[PDB]
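Take a look at this single chain in structure tokens; it is the form deposited without ligand FOL.
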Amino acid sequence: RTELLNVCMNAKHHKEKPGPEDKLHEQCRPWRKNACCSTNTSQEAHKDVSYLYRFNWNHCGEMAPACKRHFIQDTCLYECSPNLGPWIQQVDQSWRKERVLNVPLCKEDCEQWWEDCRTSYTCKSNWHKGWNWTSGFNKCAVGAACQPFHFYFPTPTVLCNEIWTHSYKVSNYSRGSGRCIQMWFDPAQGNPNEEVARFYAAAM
């Protein structure tokens, strides 16, 4: 555990520095200029490990567009943020890229994600493991009943903390405090997570 600021973990589980965003992640607009989902300077083998065109958000029927928007933000933060270094667990190489633990997600990001997913459906509370991937995309395992989102995630805390097995630990702090990570931002007005990484690098 060395470099914590402006750093990435790639799909081969080596640390790397960020760079200009790649074409696959074009919709991840906040990270266009400085991203861990970056172009490569060498002829590294091309294999997309992104969830953007891989994960089946509609495993229990149509996910409401408002819910999907949060999942896009979530995916973009995980795949592109160069400000998660303080939470990277380097011994764990079992995720598609970095394993992060207890990232202090801003209160608003979590509560509104939970609200906006009220009318969507899912079949499990931990989305990292346990899917049936034989069709190429993930489907619910046999016996895993589709239910309203709040059946499996009864509070915002349960959603944000459990969905990716403690990747997030929702904060009591809110946006603008410099003490929590937000899932999206306007880049022309500045990346607020840079300050947040600095704060926790000094504490962790």
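Here the rigid core means the biggest group of C-alpha atoms that line up within 1.5 Å when the two forms are laid on top of each other. From 1 onward, residues are counted along the sequence shown.
Figure legend: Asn138 is marked as modelled in all of the other comparable entries of the protein, none of which omit it, let alone a third.
In all of the other compared structures of this protein with flanking residues present, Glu62 is modelled, so it falls below the one-third mark for missing coordinates. For the two regions 189-197 and 176-184, the entry's Cα B-factors average higher over 189-197. Per-stretch averaging of Cα B factors for 41-49 and 158-166 places 41-49 on top. Highest CA B-factor among the listed residues (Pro86, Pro82, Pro104, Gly130): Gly130.
Among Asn126, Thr122, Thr75, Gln90, the highest C-alpha B-factor in the deposited entry belongs to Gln90.
Among the modelled residues of its chain, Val7 has a C-alpha B-factor that falls in the lowest third according to the deposited record. Among the modelled residues of its chain, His150 has a C-alpha B-factor that falls in the middle third, as given in the PDB entry. Ranked against the other modelled residues of its chain, the C-alpha B-factor of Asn58 as given in the entry falls in the middle third.
For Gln112, the recorded CA temperature factor ranks within the lowest third of the chain's modelled residues. For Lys33, the recorded CA B-factor ranks within the highest third of the chain. Only modelled residues enter the ranking.
Here the subject shifts to the form solved in complex with ligand FOL, a form of this protein not shown in this document.
Proximity to ligand FOL in the bound PDB entry, taken as heavy atoms within 4.5 Å, picks out 167-175 from the listed stretches 26-34, 167-175, 60-68, 148-156. Though the partner is left out of this view, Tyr78 does reach within 4.5 Å of ligand FOL in the bound PDB entry, counting heavy atoms only. In the bound PDB entry, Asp74 approaches ligand FOL with a heavy atom inside 4.5 Å. Although the partner is absent here, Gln89 sits far enough away that none of its heavy atoms falls within 4.5 Å of ligand FOL in the bound PDB entry. Proximity of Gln93 to ligand FOL in the bound PDB entry falls within the 4.5 Å heavy atom cutoff. Once you line up the core between this form and the one not shown, the CA of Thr39 is the only one from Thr165, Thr155, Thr39, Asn58 that shifts by 2 Å or more. Once both forms are overlaid on the rigid core, the distance between the two CA positions of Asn10 between this form and the one not shown is 2 angstroms or more. Comparing the forms between this form and the one not shown on their rigid core, the Cα displacement of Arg96 reaches 2 Å or more. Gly190 shows a C-alpha shift below 2 Å between this form and the one not shown [criterion: core-superposed Cα displacement of 2 Å].
Whereas the displayed form keeps them at a certain spacing, the CA atoms of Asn40 and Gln73 lie at least 3 angstroms closer in the bound PDB entry. Whereas the shown form places them at one spacing, the Cα atoms of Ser81 and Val49 lie at least 3 Å farther apart in the bound PDB entry.
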